[PDB]
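One chain comes next, on its own, written out as structure tokens in the form deposited in one PDB entry.
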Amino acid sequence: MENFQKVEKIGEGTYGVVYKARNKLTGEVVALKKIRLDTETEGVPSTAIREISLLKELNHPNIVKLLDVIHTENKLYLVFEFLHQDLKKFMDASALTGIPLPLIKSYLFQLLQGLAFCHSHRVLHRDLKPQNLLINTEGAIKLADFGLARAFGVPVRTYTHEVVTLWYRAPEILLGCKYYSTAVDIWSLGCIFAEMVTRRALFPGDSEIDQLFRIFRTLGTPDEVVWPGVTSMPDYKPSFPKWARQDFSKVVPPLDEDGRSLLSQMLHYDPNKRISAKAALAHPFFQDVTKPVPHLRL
């Protein structure tokens, strides 16, 4: 765009390149995202424009602010508030010592607040992953790209030919449910929570079926007792191997009883039984939550 001076390429997201750019008028550094490469023949649907415009109104201190929407030359650029680091980078940087529990608890608490806010307005993210969880020097964490999947139906091989991670995908999505709920976001967060604690991805599948079988090997193959209606799901197959559920004490050491209790509720098979963001904020796990300052050198 021309009202901005790019100052860097922050990377390549799901929808296009993300640049660090300086707004020439204001002088504020912002995150500029050019949307959808190649696949955009129509002239940018009025429908995505309308969904996006709605997001401009969704403001919360734990939601990365959508500053502007620029449909120029029949192209779309979303201007977001800029944050210096994402959680993926931070975790890689805390690989040897781990992220302290107090920090983990504060980050989870703030994430659940942003989520409860979006969920109350019937807005879903549906593509939560460490990469779109941004952190700053004050101890805050914010959810990036909330509601965009609804605007632009999420693909796997990006314009950069990159393969979209399935590691945080909820089982109802993997089994073909097309009317997914706010529960999908809680499943993803449960997975990110377990990853922060153990310093290893919970379910690093490399194909849809590998993703699903890794979930089954750990949580047990779902049946009609734990998930009523599972066997009627589109991609459900009577030929799925039947695996037993493992003990969470073995899955997420050394998380204490409160954390494991919370995690198991975030990881319920049945989307309807899964804990909501709102109820999770009330869990005993957060009784001693604080807001500590992270360790980052930019």
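Only residues modelled in both forms are compared. We number the residues from 1 along the sequence you see. Note that the rigid core is defined as the largest set of C-alphas that superpose within 1.5 Å between two forms.
The discussion below concerns the form deposited in another entry, not included here.
Among the candidates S94, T158, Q113, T221, displacement between the shown form and the other one reaches 2 angstroms at the C-alpha for one position only, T158 (superposition on the rigid core). Core-superposed comparison between the shown form and the other one: the C-alpha position of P45 differs by no less than 2 Å. Core-superposed comparison between the shown form and the other one: the CA of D235 stays below a 2 Å shift. After superposing the rigid core, the C-alpha of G205 moves by less than 2 Å between the shown form and the other one. Whereas the shown form places them at one spacing, the Cα atoms of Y168 and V163 lie at least 3 Å closer in that other deposited form.
Relative to this form, in that other deposited form the C-alpha atoms of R169 and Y77 separate from one another by 3 angstroms or more. After fitting on the rigid core, stretches of 3+ residues whose CA atoms all move by 2 angstroms or more between the shown form and the other one lie at 1-9, 12-52, 66-80, 146-165, 289-298.
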